[PDB]
Ligand code: HEC
Ligand code: HEC
Ligand code: HEC
Ligand code: HEC
Ligand code: HEC
Ligand code: HEC
Ligand code: HEC
Ligand code: HEC
Ligand code: HEC
Ligand code: HEC
Ligand code: HEC
Ligand code: HEC
Ligand code: HEC
Ligand code: HEC
């Protein structure tokens, strides 16, 4: 984790500035660090979805709460509305690029509302 | 310079620990930093020889002093003894690898005697 | 300098044929009936496979204390009687053996709460039925199982097997009379058997254990210049210059949190405080006598892990390429030796070796197998023994050529590996390194030249050269096991006489290591080896 | 590495036939005309039996100062005139030789009341009549008679006789040009003659004298690895790790109160601060070249005393048995040498030794006695010399077989004794110990084989081998005492030419020593030895 | 000395959607997925075989070599046949 922080503190300064402010960094006995969310192997990095945040050991409560939503909620706005979006499928990508960027977020990424 | 120190403090900790102890780091008005000896561009890094240390603005005195040496001195132990070393040339490299590591240092690298 | 035969009271001077164990002065130690080791002295037999031929001294009791001391059939008699409390131990020894109590008192064992780890915890209460605490005693689950188990993780050539394999089944030790090879018992048993290694009894200070010098008392000298290479290298220069400066070397800090200016033996080999000292080693190479390119793609992970250790104070490139130079120096070394062994091998196939193996005093087994014969490379008439069986590799009781080969590979080569590994440039060149192997090759050549020039003359003059009596027998040679076995058990070898399973038979390589090799070999497409 | 014949100005290159003392550079030291030592240089003759043949250098004046400096006939000139007060010595030398005054001012001598032991007290007031203070000067009744007398209690091979016997009657030193063996004068004279030994001038600090390293300057190297054995052993490991930790080693304490974690040379050899360093020694064994079972009942009381010293930090049993192991190593070592010697002796008796002593350059005495001949054991025509007379034991001016024998007993064997005595297991085995003797035995056997094979061939072909000229004469050989005596005093030996009584004539073993041995031999019923 | 165990996340997907009630086998350890479709395993260093089974009859396999203190997220898709009503 030390290495992630040190290297990125210069490479992507803003991310480290944000991380250091976050409760995740201060957590004990062990912090929720870059490696906890992204992995240790730089050749096998991963992007943490809502499923990653919503693990039983972490924030299952919020994941399950959100997941209670029906059609047209934050629970389905990617899986239904966007993944089966008529216009997006119909057209060249880029025509409706913004739709991917907007619709997927609430369901898939918990950096929504509370920014990473 | 800040970036050299911050990144290497974790990547190569010992070097930064050493650097911080050195008078070079404390020098004013401007410190003799990693960039001063190695360069700013990480794709165009350089290793500082005795010539680099012995610049008029820096330690010309010690460079000139050492350079007063004749044959078989610290002034010629690389350029003569090693560069024209019969056995080293004759043999596969590795047979006499140690000779390169030992002979070049006094003449070429001022990290001799006072460690980097 | 003379062999002084004056001044010393005349009445003590030893005369020819008088026992050596009389204690009389024999000048240069000559003309004395070799009486041999006190076979009557109360002691224990060594454990293991070659138990029956293991001649032991009393001193040997302390060195494998589990078998050689703690048994009711082997325990030495003690003048002091009664079963004592801890307060009693401490009161009495504080004047009887004062140094021990000063030590124990300094130790944390004495302060431990609620109950202290006291003399009796490690030795017992009954002063008649006293025990000596082995590694197992320290390494109880209740106590220090962690470090014990860590250490036991070690494979062959480690602190986990250095007694039970390398010593209990030590060729020469068995062959020779004890005392000849006494130092071998005192040095090999310690790490595996006695946890007072590195952190000395009875103080057991981790602070002093974390010091490089601790390793020197074994890792020095003729067949492993570990200390000498480290000490004289720039790491050792840094170490010696700084080791008492607390801003540079703080020995109180645990290795985990250790931020020295330069590395210690422990910093690299006992990284994290891991008691398996071999935990970071790439592959076992018989002391550096066997050859391997450790930089090769096969060992890429293990060499990368090494680069991760150097990483603390150097750029990966610097270390990576430095550890490469070692590999080259290792490869160029085995080149030289191949030419050396060739010159030696030729004299045997040609048969003009002076003398041949069959003429020499029989080896520890009683066989007349070639010295330098490596079983898994050599087979035939001129070699001797069964298929795939090696000779008794040694520097003793053999030709100069056989000697200068062993010397070259088993000493001088090991200065290039350990010399280059540790940053001593001279140990791998001028100081009996590469240039030493050079020297020996010249010496081996000339010693073949002479052996040929002569054996050619004796053919063209028609003399049949008889190997001298001193190759067969001699005052010392006669004391060895070979001559005994030849005479007493004529239709058998030492292996025939000692049938029981060896250490190798019971102790295997870890599964995770075999797996890694197979994976990396198929990964790169390189075939495997034979049996 | 080349013999560099460039860069340096040619004007200073020595050409063939030119004097070596010209100051010109002779490449590889070749082609120079040997001029020898400056015999016009103001100096002193050496004292003792062989004064006439003792070639001396000016520097030697300091080393046996009573005879070589303090006599009016010998005292060197001095550019500074006048007789001075102490204040004047200090003031002038504080600038002229700053370090000496710095040391003096730190010393207790300077602070002493009512009057200080000043420069003048030790050197004199008259600058034209300065003297160098010997051990006799320090050991005056008014001063340090105690330490002088203590040291003086030592027998042969002690600090009491290392100048007067060992050095003053040193065969090799007398035989050779001075400078060849200059180091021997500088090393040997000191303990007996100069009390600046151990506690350096001009500070004379007992605290620095208590440090183990003090002994290393003399007690190291080829023929006595005393320091090396101690240093690398666990005692030396403990020492190096702890020596600067005041809690483990307090050098301010007197040796009577020494409560170290581990022992120092002084702790064992100078028990209680006694200056007779040999006090605890069991029996003199000629540097350990001669052999004795020190663990034999004969020496029970003396061995028990050693156990009393080890007792401080070990159980009696542990120490006793460890020293028993030493005894066994010593006995097994001489077993090997007996085999080695037999090979060499057989070559002489069979007359096939290449060459025989008669064809070598004459020894220091001017005789052709066999190098390895021990007068107490050897007698015959082949050995040479009168009955009971020994040869000049040497590694020089002899055959390889003679040389290797000297090396085996004179170097390697001593590593076993000193090694085992000080706890260096590798010094007793791998590091030129037991296995050193093994290697040399092989080397001797090979050399014997070759010499016998040549002799056999020469007989059959009808060549009578004429020993080469270089065995008899040579640039160095010609400068020795041997050739000079043969040429200039044809019928006589050095003993004839130096008839004065020697050290052995005036110095005998103490009454108590003879008394002890006689008592113990009667007690055990062992026959007394011969002359 | 403490050997820091590796942490392995295994996510079971059916063309994007998480599989609920799938069983993941890693070494000797078993986990039946919740709403996440994700199981977290704490494992000692070594080579392991990951297998994801679901009651439809679809399986996914991956072999993984874990070092000391490794963190790895593994995402295995079992295809459209692994998607079941309700
Ligand atoms: C026999 C198998 C052994 C036992 C039991 C123990 N040791 Fe050691 N040891 C060594 C060092 C350099 C240290 C310091 C380690 C560090 O800084 O992390 C230690 C430490 C211990 C400790 C303290 C436990 C702790 O780390 O908190 C214990 C209880 C311990 N050791 C037990 C060095 C060596 C060594 C030299 C090579 C040997 C042979 C052993 N230790 C063996 C044992
Ligand atoms: C973009 C990343 C969003 C942010 C930030 C917030 N919401 Fe959202 N919300 C978003 C989408 C794409 C959808 C549904 C799309 C679909 O599948 O039809 C929603 C849904 C809601 C709803 C439900 C609407 C319905 O018709 O039932 C509500 C009430 C809602 N969102 C509220 C809401 C609030 C209060 C937010 C701030 C805290 C918020 N959303 C953030 C996209 C995004
Ligand atoms: C290795 C990196 C060295 C260190 C550290 C020191 N010296 Fe050195 N020295 C070294 C070499 C390779 C050579 C000469 C090689 C050659 O071209 O022949 C020298 C030379 C000297 C000399 C001159 C020797 C001569 O024959 O004229 C001296 C007097 C000398 N070195 C002393 C010296 C001292 C005192 C050092 C410590 C402060 C020192 N050297 C460091 C290699 C290295
Ligand atoms: C003597 C009592 C020892 C001390 C003190 C230390 N070590 Fe050791 N070590 C010793 C032996 C007898 C052996 C192996 C013998 C054998 O069975 O072949 C070892 C082994 C090692 C190794 C492994 C070498 C290899 O596998 O080829 C290493 C890396 C090692 N030892 C390092 C080491 C260090 C760093 C020590 C000080 C802390 C140390 N050893 C102490 C004997 C002794
Ligand atoms: C106290 C000041 C000591 C005296 C006097 C002697 N020894 Fe010692 N010895 C001492 C220590 C602190 C140690 C280190 C203990 C450890 O755990 O390693 C030793 C070590 C030895 C050893 C080697 C260790 C072993 O194999 O057990 C030997 C063989 C040994 N000591 C023997 C010995 C003998 C024979 C002594 C008298 C001449 C002697 N020691 C003196 C502390 C002290
Ligand atoms: C780190 C900077 C090291 C220090 C300090 C010491 N050694 Fe080492 N050692 C180091 C390396 C990189 C290697 C080579 C490993 C490889 O296989 O490539 C070694 C080698 C050894 C060995 C042989 C190990 C083997 O063959 O498996 C031994 C026994 C050993 N080193 C011991 C040792 C001792 C006693 C040290 C203190 C003086 C020491 N080493 C210092 C790296 C480093
Ligand atoms: C000038 C005074 C220097 C400053 C400031 C820093 N370093 Fe340096 N560095 C210097 C020398 C003379 C050398 C030796 C060069 C050679 O040719 O061998 C170095 C070497 C390095 C290295 C590589 C060698 C190694 O140990 O791995 C690295 C990676 C390095 N230096 C990095 C470094 C950093 C990060 C610094 C800032 C803190 C720094 N150096 C300062 C001279 C000088
Ligand atoms: C050189 C100046 C010496 C110093 C410093 C020390 N010793 Fe010595 N020692 C020296 C000589 C030349 C001799 C004897 C030479 C001879 O005449 O044979 C000795 C003798 C001893 C002995 C007796 C050896 C024997 O065979 O009986 C001992 C035990 C001894 N020395 C120990 C010793 C110690 C412990 C010292 C340090 C305090 C020490 N010596 C200093 C030369 C020198
Ligand atoms: C090394 C082998 C020594 C030689 C040679 C001499 N001395 Fe020493 N001396 C030595 C030691 C280790 C010590 C300290 C011993 C102790 O008791 O702790 C000493 C001490 C002295 C002292 C101080 C006496 C006291 O009060 O304890 C004196 C005055 C002294 N020595 C004088 C002395 C003289 C006159 C010597 C020449 C004959 C001499 N010493 C030789 C070590 C050694
Ligand atoms: C105590 C543990 C010792 C320390 C520390 C040192 N030595 Fe020792 N030495 C010791 C013993 C038990 C013996 C054997 C004596 C015997 O005959 O049983 C020795 C031997 C010597 C000798 C030879 C003396 C002789 O009589 O022939 C010498 C010259 C000697 N030791 C010197 C010496 C020096 C210089 C030491 C410091 C480095 C040293 N010894 C350490 C016990 C101990
Ligand atoms: C009286 C004094 C005691 C008491 C009360 C204890 N010990 Fe001992 N011990 C004593 C002596 C004099 C000796 C040495 C005997 C000799 O060799 O001359 C010992 C010896 C030991 C040993 C060493 C045994 C050996 O070398 O093989 C040990 C390990 C030992 N003692 C331990 C010990 C313990 C644990 C005690 C308390 C229960 C204890 N001793 C009491 C003297 C005395
Ligand atoms: C159980 C009881 C035992 C046994 C059999 C041994 N020791 Fe230990 N040891 C023990 C305790 C409770 C402590 C105190 C610190 C702690 O709780 O861990 C120790 C201490 C040590 C230390 C560290 C000393 C220090 O930090 O200053 C060492 C290095 C040590 N012990 C080693 C050791 C060895 C080598 C033993 C066998 C010979 C041994 N111990 C026995 C508890 C116990
Ligand atoms: C080098 C030689 C030397 C120069 C040539 C001279 C003349 C001597 C004299 C001797 C003699 C004689 C002895 C006695 C032993 C014998 O077998 O003849 C020898 C002893 C010796 C020891 C004692 C070691 C022991 O007894 O255990 C020591 C400490 C010696 C060291 C000096 C040395 C100082 C560094 C140098 C140079 C020589 N010796 Fe010696 N000496 N010596 N020696
Ligand atoms: C090992 C060898 C080596 C490897 C092969 C090479 C090529 C050299 C080169 C030389 C030469 C040339 C000299 C000059 C002298 C001559 O006679 O040719 C030699 C000097 C040398 C010294 C100087 C000592 C002095 O002048 O008093 C030093 C300090 C050397 C040490 C290095 C060494 C480092 C540990 C290693 C390896 C070699 N030398 Fe050298 N060198 N050298 N040398």
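The numbering of chain B matches Swiss-Prot: 118-233, in order.
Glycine too: its Cβ is placed from the backbone N, Cα and C atoms.
The heme c 1 site recorded in Swiss-Prot comprises B:121, B:124, B:125 together with one of B:141, B:159, namely B:159. Around residue B:141 (heme c 3 binding site), the same-chain residues six or more apart in sequence whose CB sits under 8 Å from its CB are B:148, B:149, B:150, B:153, listed in sequence order. The secondary structure of residue B:141 (heme c 3 binding site), as reduced to three states from DSSP, is helical.
Of the listed binding-site residues, namely B:121, B:124, B:175, the sparsest CB environment within 10 A is found at B:175.
Those binding-site residues from the list B:121, B:141, B:170, B:176 that have a Cβ under 8 Å from chain A Cβ atoms: none. Residue B:175 (heme c 3 binding site) sits 25 Å from residue B:125 (heme c 1 binding site), taking the CA atoms of both as reference points. Reported as a whole number, the C-alpha separation between residue B:159 (heme c 1 binding site) and residue B:176 (heme c 3 binding site) equals 25 Å. With respect to their backbone Cα atoms, residue B:121 (heme c 1 binding site) and residue B:170 (heme c 3 binding site) stand 20 Å from each other.
Taking each Cβ in turn and tallying the other Cβ atoms within 10 Å, the top scorer among the binding-site residues B:125, B:159, B:176 is B:125. Taking the Cα atom of each, residue B:124 (heme c 1 binding site) and residue B:176 (heme c 3 binding site) are about 28 angstrom apart. Taking Cβ-Cβ distances under 8 Å and a sequence gap of 6 or more within the same chain, the neighbours of residue B:170 (heme c 3 binding site) are B:176, B:179, B:180, B:227. Reduced to three states, the DSSP call for residue B:175 (heme c 3 binding site) is coil. Cβ proximity to the heme c 3 site centre (mean Cβ of B:141, B:170, B:175, B:176, cutoff 8 Å) flags the following additional same-chain residues: B:149, B:169, B:171, B:172, B:227. Among the residues the record lists as binding heme c 1, namely B:121, B:124, B:125, B:159, the two farthest apart have Cα atoms separated by 12 Å.
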